[PDB]
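Colleague: One structure follows; several queries about it will come next.
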Amino acid sequence: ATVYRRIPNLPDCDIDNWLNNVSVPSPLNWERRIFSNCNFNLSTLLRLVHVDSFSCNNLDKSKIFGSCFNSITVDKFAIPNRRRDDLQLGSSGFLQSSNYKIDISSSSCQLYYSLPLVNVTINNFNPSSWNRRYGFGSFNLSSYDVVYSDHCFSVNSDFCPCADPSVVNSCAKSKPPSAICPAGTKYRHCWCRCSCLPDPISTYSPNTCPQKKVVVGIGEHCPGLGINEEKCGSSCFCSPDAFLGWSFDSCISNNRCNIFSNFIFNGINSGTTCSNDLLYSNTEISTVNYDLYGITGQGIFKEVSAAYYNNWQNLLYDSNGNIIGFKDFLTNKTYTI
Amino acid sequence: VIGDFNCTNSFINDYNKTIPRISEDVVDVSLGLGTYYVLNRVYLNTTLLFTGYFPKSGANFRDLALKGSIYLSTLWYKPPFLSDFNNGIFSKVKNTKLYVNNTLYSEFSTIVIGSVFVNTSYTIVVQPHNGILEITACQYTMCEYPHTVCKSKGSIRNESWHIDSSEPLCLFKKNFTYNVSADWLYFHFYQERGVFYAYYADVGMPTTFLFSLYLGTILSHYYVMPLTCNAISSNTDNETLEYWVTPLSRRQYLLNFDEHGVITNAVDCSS
Ligand SMILES: *[C@@H]1O[C@H](CO)[C@@H](O[C@@H]2O[C@H](CO)[C@@H](O[C@@H]3O[C@H](CO)[C@@H](O)[C@H](O)[C@@H]3O)[C@H](O)[C@H]2NC(C)=O)[C@H](O)[C@H]1NC(C)=O
Ligand SMILES: *[C@@H]1O[C@H](CO)[C@@H](O[C@@H]2O[C@H](CO)[C@@H](O)[C@H](O)[C@H]2NC(C)=O)[C@H](O)[C@H]1NC(C)=O
Ligand SMILES: *[C@@H]1O[C@H](CO)[C@@H](O[C@@H]2O[C@H](CO)[C@@H](O)[C@H](O)[C@H]2NC(C)=O)[C@H](O)[C@H]1NC(C)=O
Ligand SMILES: *[C@@H]1O[C@H](CO)[C@@H](O[C@@H]2O[C@H](CO)[C@@H](O)[C@H](O)[C@H]2NC(C)=O)[C@H](O)[C@H]1NC(C)=O
Ligand SMILES: *[C@@H]1O[C@H](CO)[C@@H](O[C@@H]2O[C@H](CO)[C@@H](O)[C@H](O)[C@H]2NC(C)=O)[C@H](O)[C@H]1NC(C)=O
Ligand SMILES: *[C@@H]1O[C@H](CO)[C@@H](O[C@@H]2O[C@H](CO)[C@@H](O)[C@H](O)[C@H]2NC(C)=O)[C@H](O)[C@H]1NC(C)=O
Ligand SMILES: CO[C@]1(C(=O)O)C[C@H](O)[C@@H](NC(C)=O)[C@H]([C@H](O)[C@H](O)COC(C)=O)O1
Ligand SMILES: *[C@@H]1O[C@H](CO)[C@@H](O)[C@H](O)[C@H]1NC(C)=O
Ligand SMILES: *[C@@H]1O[C@H](CO)[C@@H](O)[C@H](O)[C@H]1NC(C)=O
Ligand SMILES: *[C@@H]1O[C@H](CO)[C@@H](O)[C@H](O)[C@H]1NC(C)=O
Ligand SMILES: *[C@@H]1O[C@H](CO)[C@@H](O)[C@H](O)[C@H]1NC(C)=O
């Protein structure tokens with residue numbers, strides 16, 4: 001009975017196109033994008049994206065339809081199908097210890113969707129500065145294998161795990177193999193035995209090792225893996241074998257990959273990022289109370305042929321001031337009264 | 001002095017002599033140059049008596065174009081350069097056509113309209129990129145001394161028209177395309193009942209509809225942002241920036257729509 005037509009003022013952000021990118025992130029290097037000042041549709045997102053599981057928390061399912069928001073953050077990463085039971089609301093296992101942390105306070109939704117593995121790739125970049133500083137390369141993994149971690153540590157801006165050769169030669173016994181430490185950083189705290197024995201991952205007492213067991217938080221990334229101090233040795237070029245504390249897992253399920261996505265909405269019932277699901281529901285004009293481009297009225301519609309419309313003129317008005325026709329901006333179908 | 005934010009103070013000086021010229025070209029609206037089409041209406045073989053916002057028939061333009069090479073004076077930002085946006089403005093812009101390596105580039109100034117130019121309020125920015133026009137109505141933080149920087153022949157300064165780490169609360173963002181090899185572009189801007197309406201045209205024809213946005217506030221000041229270029233002068237070429245503007249007022253016009261809808265003859269009720 002009601003035909004609502006109105007051109008949007010803000011463009012579309014294509015959340016589905018960003019979720020279906022050829023470069024799929026990893027549990028460690030989970031990506032995001034601040035979607036704002038756009039319109040999002042739930043039906044198209046659930047249709048195009050192959051939805052497998054969907055839930056929410058601190059908000060109703062029907063509440064998302066129609067409500068406006070200020071910003072949307074989509075924290076996505078490929079599912080490690082091995083550890084799927086770790087993605088629980090309030091978990092502290094292997095997943096939520098060195099990876100993305102689930103939001104509990106604000107309204108947050110969770111989605112688990114499949115994606116074809118054809119011509120797709122998995123990105124496993126390490127978003128750490130002190131890791132890339134001390135000679136970090138890659139992991140040399142195979143296709144369709146995502147990298148995650150459980151233990152996460154941190155160091156200081158002037159901490160050299162690869163000690164200076166002077167400190168190594170000063171301690172005749174219990175000397176750690178290490179090359180020339182670069183400048184601008186203090187050497188490793190160390191016959192003088194050093195700290196963090198036998199490895200920074202597992203220690204007898206955390207007070208004797210300057211690398212403290214750090215955890216993740218809301219939007220916080222792991223500062224880096226547990227790089228072994230006495231396993232490098234070039235100006236402290238660390239071998240890729242000295243980077244421990246990580247793990248790799250496949251994502252093959254019915255010959256397809258799986259990706260989890262956490263949606264965080266900021267600005268409940270505010271902002272301009274509104275959902276056009278409640279208004280744009282029928283979108284089918286039958287040959288009727290209409291609200292077209294702000295003009296409200298009542299009348300019957302018919303299908304005729306017309307070619308006298310420009311690229312900015314949709315409504316047809318007469319010299320008296322009444323509307324007698326219009327053009328649908330979605331199907332180019334001219335409907336006259 | 002348009003906004004309130006410290007942006008830069010390296011090249012800041014004063015001046016004593018800048019007159020904004022007054023073109024001898026009177027406003028001729030008999031051929032349809034000076035009017036605008038309706039928002040989204042189509043007419044065929046009719047005479048529409050439209051009571052809208054139009055410039056004064058047979059008036060003069062005030063050139064608010066400002067160019068610069070090394071320095072810019074604070075007097076350029078003070079009145080009367082910041083004219084009182086009472087009802088609206090009709091602007092004629094000279095499409096600066098530069099030739100670099102036998103290819104063409106289109107350049108002209110940008111427009112910023114705001115009440116107090118504070119991020120707690122809404123301001124509209126119209127920026128011409130190469131072949132594109134970007135319109136953004138956002139809560140931009142306007143710089144103290146904004147200026148547009150050349151991107152086709154280089155500029156010593158850097159472009160500074162807003163400072164925002166994240167995207168502010170925008171109400172309208174859109175892009176349009178225009179012909180790059182044009183001579184004079186025309187623009188119409190006005191406000192009514194808290195709604196801002198804009199129109200544009202590439203050639204000497206009535207301006208086409210751009211957008212209409214509801215704000216609820218009252219716009220106070222419009223500004224044509226100056227341009228900083230290195231090779232636009234008297235030593236490298238002989239063409240400059242000519243931005244003419246005329247104030248709008250509420251008046252009644254008569255437009256003639258032909259069989260197709262093209263405006264042929266428009267008349268004003270002021271003899
Ligand atoms: C919205 O606009 C307001 C008004 O400009 C912004 O407040 C201004 O923010 C700047 C940058 O933080 C302040 O500059 C600083 O001033 C202090 C002295 O108070 C100085 O020591 C610093 O070196 C720096 O120059 C400025 O003072 C401040 N204005 C006022 C009146 O306090 C605000 O940041 C803008 N917000 C957004 C989100 O854009
Ligand atoms: C925007 O969201 C609405 C809300 O779901 C969509 O409307 C549904 O469309 C599907 C088919 O596209 C129908 O099967 C449903 O019955 C519609 N919902 C209702 C309540 O009628 C709409 O299609 C979406 N827009 C686009 C372009 O996909
Ligand atoms: C409705 O008609 C317009 C006008 O032809 C179509 O817009 C054109 O779309 C094609 C392909 O997407 C482009 O190559 C043209 O440049 C577009 N022209 C203009 C003027 O925008 C539009 O695609 C049509 N829509 C439907 C659903 O048929
Ligand atoms: C309107 O056009 C401008 C100019 O091309 C677009 O700005 C570009 O945006 C892309 C992607 O964000 C950047 O890679 C370019 O560097 C930008 N160019 C400039 C000159 O800033 C803008 O995105 C367009 N907006 C819309 C809604 O189409
Ligand atoms: C942009 O403007 C130029 C300048 O008028 C247009 O070039 C004209 O094109 C017509 C059509 O063939 C010719 O008859 C004129 O002789 C051309 N004039 C000049 C000075 O070259 C150009 O066509 C316009 N762009 C578009 C897309 O229409
Ligand atoms: C802009 O036009 C002026 C006027 O013709 C040019 O000035 C002349 O330049 C030629 C060549 O350098 C001299 O021989 C004349 O004596 C100049 N006349 C005057 C009155 O100064 C000027 O060169 C042109 N601009 C450019 C960049 O060529
Ligand atoms: C020829 O000089 C121009 C130019 O380079 O194109 C032209 C003109 O002299 C002037 N620009 C304006 C709008 O007045 C401008 C200023 O006179 C100078 O650039 C110096 O201006 C200041 C404020 O120092 O210089
Ligand atoms: C990659 O696979 C997807 C899923 O089948 C498909 O949509 C896309 O077109 C493919 N890309 C190429 C370049 O074949
Ligand atoms: C990666 O591992 C494969 C396994 O045999 C090996 O052939 C290849 O040389 C390795 N590449 C690097 C850069 O380590
Ligand atoms: C603006 O900031 C610059 C440094 O970026 C400073 O030199 C200048 O004094 C400031 N202007 C003020 C505070 O008016
Ligand atoms: C413009 O930005 C560049 C990039 O850092 C900088 O090197 C240059 O000094 C800036 N120019 C001015 C005039 O501030």
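Ordering of the structure tokens sets the chain letters (A, B, ...); residue numbers start at 1 within each chain; ligands are numbered from 1 in the order shown.
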Give me, as a PyMOL selection string, all polymer residues having an atom no more than 10 Å from range 266-270 of chain B, counting only C-alpha atoms and skipping those fewer than 5 positions away in the same chain.

Modeller: chain B and resi 28-35+47-49+54+56-58+206+251-257

Colleague: Taking C-alpha atoms for each residue, export the selection above as an mmCIF file, in the first residue's frame.

Modeller:
```cif
data_model
loop_
_atom_site.group_PDB
_atom_site.id
_atom_site.type_symbol
_atom_site.label_atom_id
_atom_site.label_comp_id
_atom_site.auth_asym_id
_atom_site.auth_seq_id
_atom_site.Cartn_x
_atom_site.Cartn_y
_atom_site.Cartn_z
ATOM 1 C CA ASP B 28 22.136 39.114 -18.906
ATOM 2 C CA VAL B 29 19.443 36.524 -18.149
ATOM 3 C CA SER B 30 17.491 36.696 -21.420
ATOM 4 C CA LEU B 31 19.379 33.691 -22.835
ATOM 5 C CA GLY B 32 18.920 31.604 -19.677
ATOM 6 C CA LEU B 33 22.317 32.447 -18.145
ATOM 7 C CA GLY B 34 21.562 33.266 -14.519
ATOM 8 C CA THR B 35 18.609 30.978 -13.808
ATOM 9 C CA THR B 47 5.719 28.996 -18.938
ATOM 10 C CA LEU B 48 6.738 28.537 -15.303
ATOM 11 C CA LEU B 49 6.381 31.538 -12.971
ATOM 12 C CA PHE B 54 18.059 34.971 -8.250
ATOM 13 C CA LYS B 56 19.847 41.279 -9.578
ATOM 14 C CA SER B 57 19.045 41.827 -13.254
ATOM 15 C CA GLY B 58 21.659 44.117 -14.778
ATOM 16 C CA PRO B 206 20.894 27.011 -16.668
ATOM 17 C CA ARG B 251 12.440 37.434 -6.644
ATOM 18 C CA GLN B 252 10.090 36.092 -9.310
ATOM 19 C CA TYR B 253 11.147 34.954 -12.787
ATOM 20 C CA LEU B 254 9.390 33.478 -15.817
ATOM 21 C CA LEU B 255 10.970 30.499 -17.587
ATOM 22 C CA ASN B 256 10.008 28.984 -20.946
ATOM 23 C CA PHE B 257 10.163 25.200 -21.375
#
```

Colleague: Show me which residues line ligand 8, defined as having an atom within 10 Å of a ligand atom where only C-alpha atoms and all ligand atoms count, and present them as a tab-separated table (two decimals) with N, CA and C atoms, in the first residue's frame.

Modeller:
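The file below, out_35.tsv, is the result:
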```
chain	number	residue	atom	x	y	z
A	20	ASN	N	34.62	-10.20	1.71
A	20	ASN	CA	34.97	-11.14	0.65
A	20	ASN	C	36.22	-10.72	-0.12
A	21	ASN	N	37.17	-10.09	0.56
A	21	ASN	CA	38.41	-9.68	-0.09
A	21	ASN	C	39.30	-10.89	-0.35
A	22	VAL	N	40.08	-10.82	-1.43
A	22	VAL	CA	40.96	-11.92	-1.78
A	22	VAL	C	42.05	-12.11	-0.73
A	115	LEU	N	33.83	-19.40	2.95
A	115	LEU	CA	34.34	-18.70	1.78
A	115	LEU	C	35.07	-19.71	0.91
A	116	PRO	N	34.85	-19.70	-0.40
A	116	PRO	CA	35.56	-20.64	-1.28
A	116	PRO	C	37.06	-20.39	-1.25
A	117	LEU	N	37.82	-21.48	-1.32
A	117	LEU	CA	39.28	-21.43	-1.27
A	117	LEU	C	39.91	-21.17	-2.63
A	118	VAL	N	39.11	-21.04	-3.69
A	118	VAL	CA	39.66	-20.87	-5.03
A	118	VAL	C	40.26	-19.48	-5.17
A	119	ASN	N	41.51	-19.42	-5.63
A	119	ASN	CA	42.26	-18.19	-5.90
A	119	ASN	C	42.29	-17.23	-4.70
A	120	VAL	N	42.02	-17.73	-3.50
A	120	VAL	CA	42.09	-16.92	-2.30
A	120	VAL	C	43.45	-17.13	-1.65
A	121	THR	N	43.85	-16.17	-0.82
A	121	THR	CA	45.13	-16.23	-0.13
A	121	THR	C	44.94	-15.81	1.32
```

Colleague: Neighbours of ligand 4 within 6 Å, counting only C-alpha atoms and all ligand atoms, as a ChimeraX atom specification?

Modeller: /B:134,174-175

Colleague: With N, CA, C and O atoms retained, could you export that selection as a PDB file, in the first residue's frame?

Modeller:
```
ATOM      1  N   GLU B 134      33.942  17.369  -5.532  1.00  0.00           N
ATOM      2  CA  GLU B 134      33.620  16.681  -4.290  1.00  0.00           C
ATOM      3  C   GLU B 134      32.882  17.631  -3.360  1.00  0.00           C
ATOM      4  O   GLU B 134      33.378  18.724  -3.062  1.00  0.00           O
ATOM      5  N   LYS B 174      29.298  13.520  -1.672  1.00  0.00           N
ATOM      6  CA  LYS B 174      28.982  13.128  -3.039  1.00  0.00           C
ATOM      7  C   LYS B 174      30.066  13.615  -3.991  1.00  0.00           C
ATOM      8  O   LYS B 174      30.814  14.553  -3.697  1.00  0.00           O
ATOM      9  N   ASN B 175      30.144  12.946  -5.142  1.00  0.00           N
ATOM     10  CA  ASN B 175      31.083  13.266  -6.205  1.00  0.00           C
ATOM     11  C   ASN B 175      30.327  13.463  -7.511  1.00  0.00           C
ATOM     12  O   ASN B 175      29.362  12.746  -7.794  1.00  0.00           O
TER      13      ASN B 175
END
```

Colleague: If we count only C-alpha atoms, what is near range 267-284 of chain A at a cut-off of 6 Å, once residues fewer than 5 positions away on the same chain are taken out, given as a ChimeraX atom specification?

Modeller: /A:36-41,65-70

Colleague: Can you pull out every residue from range 10-83 of chain B that DSSP, working from the backbone, puts in strand (DSSP E or B), and format the result as a ChimeraX atom specification?

Modeller: /B:13,22,33,35-36,46-55,62-63,67-68,73

Colleague: Put those residues in a file: N, CA, C and O atoms, as a PDB file, in the first residue's frame.

Modeller:
```pdb
ATOM      1  N   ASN B  13      52.288  37.358   6.508  1.00  0.00           N
ATOM      2  CA  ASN B  13      52.619  38.775   6.425  1.00  0.00           C
ATOM      3  C   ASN B  13      51.348  39.603   6.285  1.00  0.00           C
ATOM      4  O   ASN B  13      50.244  39.097   6.511  1.00  0.00           O
ATOM      5  N   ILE B  22      35.501  45.011 -10.205  1.00  0.00           N
ATOM      6  CA  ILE B  22      34.083  44.898 -10.525  1.00  0.00           C
ATOM      7  C   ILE B  22      33.927  44.801 -12.037  1.00  0.00           C
ATOM      8  O   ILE B  22      34.036  45.803 -12.751  1.00  0.00           O
ATOM      9  N   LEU B  33      21.088  32.454 -18.935  1.00  0.00           N
ATOM     10  CA  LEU B  33      22.317  32.447 -18.145  1.00  0.00           C
ATOM     11  C   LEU B  33      22.077  33.274 -16.888  1.00  0.00           C
ATOM     12  O   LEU B  33      22.108  34.507 -16.924  1.00  0.00           O
ATOM     13  N   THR B  35      19.725  31.698 -14.402  1.00  0.00           N
ATOM     14  CA  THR B  35      18.609  30.978 -13.808  1.00  0.00           C
ATOM     15  C   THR B  35      19.014  29.529 -13.555  1.00  0.00           C
ATOM     16  O   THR B  35      20.120  29.097 -13.891  1.00  0.00           O
ATOM     17  N   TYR B  36      18.100  28.772 -12.953  1.00  0.00           N
ATOM     18  CA  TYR B  36      18.361  27.383 -12.619  1.00  0.00           C
ATOM     19  C   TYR B  36      17.109  26.552 -12.852  1.00  0.00           C
ATOM     20  O   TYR B  36      15.985  27.037 -12.705  1.00  0.00           O
ATOM     21  N   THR B  46       5.799  24.917 -21.644  1.00  0.00           N
ATOM     22  CA  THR B  46       5.105  25.621 -20.577  1.00  0.00           C
ATOM     23  C   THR B  46       5.827  26.921 -20.253  1.00  0.00           C
ATOM     24  O   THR B  46       6.950  27.170 -20.701  1.00  0.00           O
ATOM     25  N   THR B  47       5.158  27.754 -19.460  1.00  0.00           N
ATOM     26  CA  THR B  47       5.719  28.996 -18.938  1.00  0.00           C
ATOM     27  C   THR B  47       5.601  28.950 -17.422  1.00  0.00           C
ATOM     28  O   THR B  47       4.510  29.134 -16.872  1.00  0.00           O
ATOM     29  N   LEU B  48       6.722  28.706 -16.749  1.00  0.00           N
ATOM     30  CA  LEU B  48       6.738  28.537 -15.303  1.00  0.00           C
ATOM     31  C   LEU B  48       7.062  29.871 -14.641  1.00  0.00           C
ATOM     32  O   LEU B  48       8.088  30.489 -14.944  1.00  0.00           O
ATOM     33  N   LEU B  49       6.187  30.309 -13.738  1.00  0.00           N
ATOM     34  CA  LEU B  49       6.381  31.538 -12.971  1.00  0.00           C
ATOM     35  C   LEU B  49       6.928  31.137 -11.605  1.00  0.00           C
ATOM     36  O   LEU B  49       6.168  30.799 -10.694  1.00  0.00           O
ATOM     37  N   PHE B  50       8.250  31.179 -11.465  1.00  0.00           N
ATOM     38  CA  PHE B  50       8.934  30.639 -10.296  1.00  0.00           C
ATOM     39  C   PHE B  50       9.394  31.781  -9.398  1.00  0.00           C
ATOM     40  O   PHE B  50      10.118  32.676  -9.845  1.00  0.00           O
ATOM     41  N   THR B  51       8.981  31.742  -8.134  1.00  0.00           N
ATOM     42  CA  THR B  51       9.411  32.711  -7.128  1.00  0.00           C
ATOM     43  C   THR B  51      10.531  32.065  -6.323  1.00  0.00           C
ATOM     44  O   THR B  51      10.277  31.288  -5.398  1.00  0.00           O
ATOM     45  N   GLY B  52      11.773  32.382  -6.677  1.00  0.00           N
ATOM     46  CA  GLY B  52      12.929  31.754  -6.078  1.00  0.00           C
ATOM     47  C   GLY B  52      13.962  32.784  -5.666  1.00  0.00           C
ATOM     48  O   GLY B  52      13.640  33.921  -5.323  1.00  0.00           O
ATOM     49  N   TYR B  53      15.223  32.359  -5.695  1.00  0.00           N
ATOM     50  CA  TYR B  53      16.354  33.209  -5.346  1.00  0.00           C
ATOM     51  C   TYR B  53      17.216  33.397  -6.586  1.00  0.00           C
ATOM     52  O   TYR B  53      17.742  32.423  -7.134  1.00  0.00           O
ATOM     53  N   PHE B  54      17.358  34.642  -7.020  1.00  0.00           N
ATOM     54  CA  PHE B  54      18.059  34.971  -8.250  1.00  0.00           C
ATOM     55  C   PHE B  54      18.909  36.210  -8.020  1.00  0.00           C
ATOM     56  O   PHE B  54      18.679  36.957  -7.064  1.00  0.00           O
ATOM     57  N   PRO B  55      19.912  36.442  -8.862  1.00  0.00           N
ATOM     58  CA  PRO B  55      20.691  37.679  -8.763  1.00  0.00           C
ATOM     59  C   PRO B  55      19.920  38.862  -9.335  1.00  0.00           C
ATOM     60  O   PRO B  55      18.864  38.719  -9.953  1.00  0.00           O
ATOM     61  N   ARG B  62      31.559  40.930  -8.253  1.00  0.00           N
ATOM     62  CA  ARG B  62      32.695  41.263  -7.402  1.00  0.00           C
ATOM     63  C   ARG B  62      33.679  40.101  -7.434  1.00  0.00           C
ATOM     64  O   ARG B  62      33.333  38.978  -7.052  1.00  0.00           O
ATOM     65  N   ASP B  63      34.897  40.372  -7.896  1.00  0.00           N
ATOM     66  CA  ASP B  63      35.913  39.336  -8.056  1.00  0.00           C
ATOM     67  C   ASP B  63      36.565  39.058  -6.708  1.00  0.00           C
ATOM     68  O   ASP B  63      37.295  39.902  -6.177  1.00  0.00           O
ATOM     69  N   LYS B  67      45.086  34.780  -5.498  1.00  0.00           N
ATOM     70  CA  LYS B  67      46.192  33.898  -5.857  1.00  0.00           C
ATOM     71  C   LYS B  67      47.394  34.242  -5.009  1.00  0.00           C
ATOM     72  O   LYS B  67      47.424  35.310  -4.401  1.00  0.00           O
ATOM     73  N   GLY B  68      48.393  33.377  -4.971  1.00  0.00           N
ATOM     74  CA  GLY B  68      49.571  33.558  -4.146  1.00  0.00           C
ATOM     75  C   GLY B  68      50.716  32.651  -4.542  1.00  0.00           C
ATOM     76  O   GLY B  68      50.497  31.546  -5.045  1.00  0.00           O
ATOM     77  N   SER B  73      48.508  37.288   3.009  1.00  0.00           N
ATOM     78  CA  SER B  73      48.249  38.280   4.040  1.00  0.00           C
ATOM     79  C   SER B  73      46.991  37.937   4.827  1.00  0.00           C
ATOM     80  O   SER B  73      46.053  37.327   4.307  1.00  0.00           O
TER      81      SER B  73
END
```

Colleague: Find the residues in chain B near chain A: any atom within 6 Å counts, using only C-alpha atoms. Write them as a ChimeraX atom specification.

Modeller: /B:40-42,172-173

Colleague: Need the shell around residue 265 in chain A: protein/DNA/RNA residues with any atom at most 8 Å away, counting only C-alpha atoms. Skip same-chain ones fewer than 5 positions apart. Format as a PyMOL selection string?

Modeller: chain A and resi 69-73+106-108

Colleague: Please save N, CA and C atoms of the selected residues as a tab-separated table (two decimals), in the first residue's frame.

Modeller:
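The resulting selection.tsv:
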```tsv
chain	number	residue	atom	x	y	z
A	69	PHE	N	23.63	4.22	13.60
A	69	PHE	CA	24.84	4.10	14.40
A	69	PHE	C	25.82	5.19	14.00
A	70	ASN	N	26.86	5.35	14.81
A	70	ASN	CA	27.93	6.30	14.53
A	70	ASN	C	29.12	5.67	13.83
A	71	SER	N	29.51	4.46	14.22
A	71	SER	CA	30.63	3.78	13.59
A	71	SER	C	30.47	2.28	13.77
A	72	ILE	N	31.04	1.52	12.83
A	72	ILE	CA	31.01	0.07	12.86
A	72	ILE	C	32.42	-0.44	12.63
A	73	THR	N	32.91	-1.28	13.54
A	73	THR	CA	34.21	-1.92	13.41
A	73	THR	C	34.01	-3.41	13.18
A	106	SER	N	29.86	-3.36	25.33
A	106	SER	CA	29.02	-2.78	24.29
A	106	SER	C	28.34	-3.87	23.47
A	107	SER	N	27.36	-3.45	22.68
A	107	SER	CA	26.65	-4.38	21.80
A	107	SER	C	27.59	-4.89	20.72
A	108	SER	N	27.76	-6.21	20.66
A	108	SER	CA	28.69	-6.81	19.71
A	108	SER	C	28.10	-8.09	19.14
```

Colleague: Around ligand 6, at most 12 Å away and counting only C-alpha atoms and all ligand atoms, which residues are there? Put them as a list in words, please.

Modeller: residues 231, 232, 233, 234, 235, 236, 237, 238, 239 and 240 of chain B

Colleague: How would you report the residues lying within 10 Å of ligand 3, as a ChimeraX atom specification, if you count only C-alpha atoms and all ligand atoms?

Modeller: /A:310-312,327-333

Colleague: Would you output that residue set with C-alpha atoms, as a PDB file, in the first residue's frame?

Modeller:
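And here is the file that came out, again.pdb:
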```pdb
ATOM      1  CA  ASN A 310      17.722  13.743 -17.906  1.00  0.00           C
ATOM      2  CA  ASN A 311      20.371  12.412 -15.506  1.00  0.00           C
ATOM      3  CA  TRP A 312      19.026  14.471 -12.579  1.00  0.00           C
ATOM      4  CA  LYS A 327      11.285   7.209 -12.721  1.00  0.00           C
ATOM      5  CA  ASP A 328      12.550   4.430 -10.459  1.00  0.00           C
ATOM      6  CA  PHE A 329      16.245   4.998  -9.733  1.00  0.00           C
ATOM      7  CA  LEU A 330      16.785   1.243  -9.224  1.00  0.00           C
ATOM      8  CA  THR A 331      15.201  -0.295 -12.346  1.00  0.00           C
ATOM      9  CA  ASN A 332      14.866   2.671 -14.770  1.00  0.00           C
ATOM     10  CA  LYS A 333      11.136   1.904 -15.020  1.00  0.00           C
TER      11      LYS A 333
END
```

Colleague: Identify which of the residues B:1, B:64, B:26, B:100 lies closest to ligand 10, counting only C-alpha atoms and all ligand atoms when measuring atom-to-atom distances.

Modeller: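 With only C-alpha atoms and all ligand atoms as the atom set, the closest residue is B:1.
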
Colleague: Considering only C-alpha atoms, state which residue in the set B:119, B:60, B:220, B:109 is at the smallest distance from residue 185 in chain B.

Modeller: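 Looking at the shortest contact to residue 185 in chain B, the residue is B:109.
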
Colleague: Would you mind listing, for every residue of chain B within 9 Å of ligand 5, the two atoms forming the shortest contact and the distance between them in Å to one decimal, using only C-alpha atoms and all ligand atoms, sorted by chain and ascending residue number, as JSON lines?

Modeller:
```
{"residue": "B:178", "atom": "CA", "partner": "ligand 5", "partner_atom_place_in_ligand_line": "27 (C)", "distance": 8.5}
{"residue": "B:179", "atom": "CA", "partner": "ligand 5", "partner_atom_place_in_ligand_line": "1 (C)", "distance": 4.9}
{"residue": "B:180", "atom": "CA", "partner": "ligand 5", "partner_atom_place_in_ligand_line": "1 (C)", "distance": 6.3}
{"residue": "B:181", "atom": "CA", "partner": "ligand 5", "partner_atom_place_in_ligand_line": "2 (O)", "distance": 4.7}
{"residue": "B:182", "atom": "CA", "partner": "ligand 5", "partner_atom_place_in_ligand_line": "2 (O)", "distance": 5.1}
{"residue": "B:183", "atom": "CA", "partner": "ligand 5", "partner_atom_place_in_ligand_line": "4 (C)", "distance": 7.8}
{"residue": "B:202", "atom": "CA", "partner": "ligand 5", "partner_atom_place_in_ligand_line": "1 (C)", "distance": 8.7}
{"residue": "B:203", "atom": "CA", "partner": "ligand 5", "partner_atom_place_in_ligand_line": "2 (O)", "distance": 8.4}
```

Colleague: What separation in Å, quoted to one decimal, exists between CA of residue 237 in chain A and CA of residue 124 in chain A?

Modeller: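 Calculated distance between CA of residue 237 in chain A and CA of residue 124 in chain A is 20.8 Å.
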
Colleague: Any residue with an atom at most 12 Å from ligand 1 counts, using only C-alpha atoms and all ligand atoms. Which are they? Put them as a PyMOL selection string.

Modeller: chain B and resi 2-8+116-122+138-144+162-169

Colleague: Write out, as a short mmCIF file (atom, residue, chain, number, x, y, z; two decimals), in the first residue's frame, the residues just selected, with C-alpha atoms.

Modeller:
```
data_model
loop_
_atom_site.label_atom_id
_atom_site.label_comp_id
_atom_site.auth_asym_id
_atom_site.auth_seq_id
_atom_site.Cartn_x
_atom_site.Cartn_y
_atom_site.Cartn_z
CA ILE B 2 37.82 32.04 9.05
CA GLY B 3 38.30 29.26 11.60
CA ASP B 4 39.87 28.95 15.05
CA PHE B 5 42.84 26.56 14.93
CA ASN B 6 46.61 27.00 14.72
CA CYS B 7 47.77 25.50 11.41
CA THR B 8 50.95 27.29 10.30
CA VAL B 116 31.17 29.97 12.74
CA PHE B 117 33.47 27.35 11.17
CA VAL B 118 33.78 25.24 14.32
CA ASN B 119 33.77 21.45 14.56
CA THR B 120 30.76 21.76 16.88
CA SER B 121 28.81 23.07 13.86
CA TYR B 122 28.28 21.97 10.26
CA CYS B 138 30.73 17.73 7.66
CA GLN B 139 31.79 19.04 11.06
CA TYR B 140 35.16 20.09 9.70
CA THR B 141 37.68 22.00 11.82
CA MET B 142 38.56 24.98 9.63
CA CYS B 143 42.13 26.24 9.70
CA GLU B 144 42.97 29.82 10.60
CA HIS B 162 40.56 21.20 7.42
CA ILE B 163 42.18 19.30 10.29
CA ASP B 164 40.51 16.02 11.28
CA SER B 165 42.29 12.85 12.39
CA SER B 166 39.15 10.76 11.88
CA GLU B 167 36.17 11.33 9.61
CA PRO B 168 33.81 13.78 11.37
CA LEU B 169 30.01 13.57 11.53
#
```

Colleague: Within 12 Å of residue 188 in chain A, counting only C-alpha atoms, which residues show up once you throw out same-chain ones fewer than 6 positions away? Write them as a list in words, please.

Modeller: residues 155, 156, 158, 159, 160, 161, 162, 163, 164, 165, 166, 167, 168, 175, 176, 177, 178, 179, 180, 181, 182, 194, 195, 196, 209, 210, 211, 229 and 230 of chain A
